[PDB]
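Participant:
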Amino acid sequence: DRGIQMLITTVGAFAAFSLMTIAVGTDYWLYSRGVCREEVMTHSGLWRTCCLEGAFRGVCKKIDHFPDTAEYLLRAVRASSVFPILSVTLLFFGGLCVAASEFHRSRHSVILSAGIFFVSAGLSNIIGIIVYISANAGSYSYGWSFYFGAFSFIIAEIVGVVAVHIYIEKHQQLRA
Amino acid sequence: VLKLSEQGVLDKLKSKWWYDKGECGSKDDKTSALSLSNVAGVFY
């Protein structure tokens, strides 16, 4: 099933990267009641907050991420969205390795490295989610951008597993 | 004074000069479920 395995890997890598990039771009992480500048229903993301109703509806303002070392570091890390961006980077590199595999069948470690990138992307994603949620804590709901990030994590981990299976089976078959 | 009170003018004045010119701009329950912030270290 190597053809199907590679198909799953490529489709999944693209899906994870697309979902994660959209999530980092779009502004439907959180539904709360803040202000785009009275408090009304809004819809914030990682960078901008926007009004969901009333006169200033459609108006968005840059999130004042800033207004205790730990509080400072959390605020810093959440302000820059280090971890969502790092997960996007690693998904990109994983996709590059998956693409490069076919054009260079000589070296095995390419697809292995793809797998490892994907796994690491998932871990960065988790850290991101935790930092985001924790920084918010310092009524509400989560939007579809948040869930895009979550589904990116799941798919990334699946693709990592499949990639490592491909590498394992190549070394198992060729060695014996 | 009574007419002003019944027309809401005194209420409005109080609102304006206490709240609408308020520095804080705050005008306002606890579920008690542990929040992710209470266990974030263990995830890290």
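Top to bottom, those sequences are chains E and A. According to PDB author numbering, the residues represented by the first sequence are 5 to 41, 55 to 84, 92 to 162, 172 to 209, in order. According to PDB author numbering, the residues represented by the second sequence are 746 to 773, 778 to 793, in order. Don't be surprised by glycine CBs; every beta carbon is placed ideally from N, CA and C.
Should the region 180-197 of chain E be regarded as contacting the region 15-28 of chain E, the criterion being three or more beta carbon pairs within less than 8 Å?
Facilitator: Touching, yes, given that three or more Cβ pairs across the two stretches are closer than 8 Å.
Participant: For residue 789/A, go through chain E and note every residue whose CB falls closer than 7 Å to its CB, in chain order.
Facilitator: The contacting residues are 154 and 158.
Participant: Taking 8 Å as the CB-CB limit, is residue 161/E close to chain A?
Facilitator: Output row for residue 161/E: interface = yes.
Participant: Report the rounded CA-to-CA distance for residue 103/E versus residue 83/E, giving the unit in angstroms.
Facilitator: Roughly 7 Å between the two C-alpha positions.
Participant: Do residue 158/E and residue 789/A have their C-beta atoms closer together than 8 Å?
Facilitator: Their beta carbons are under 8 Å apart, which means residue 158/E touches residue 789/A by this criterion.
Participant: How would you call residue 60/E, buried or exposed, if buried means at least 16 neighbouring beta carbons within 10 angstroms?
Facilitator: Its Cβ being crowded by 16 or more others within 10 Å, residue 60/E is buried.
Participant: Helix, strand or coil for residue 158/E? Go by DSSP, reduced to three states.
Facilitator: Helix at residue 158/E.
Participant: Is the beta carbon of residue 178/E sitting closer than 8 Å to the one on residue 14/E?
Facilitator: It is not a contact, given that the beta carbons lie outside the stated cut-off.
Participant: How do the region 184-204 of chain E and the region 126-145 of chain E stand: do at least 3 beta-carbon pairs fall below 8 Å, yes or no?
Facilitator: The region 184-204 of chain E, when compared against the region 126-145 of chain E, does touch it at the 8 Å Cβ threshold.
Participant: For a test of the three-state rule: what should DSSP assign to residue 766/A, helix, strand or coil?
Facilitator: If DSSP states are grouped into helix, strand and coil, residue 766/A belongs with coil.
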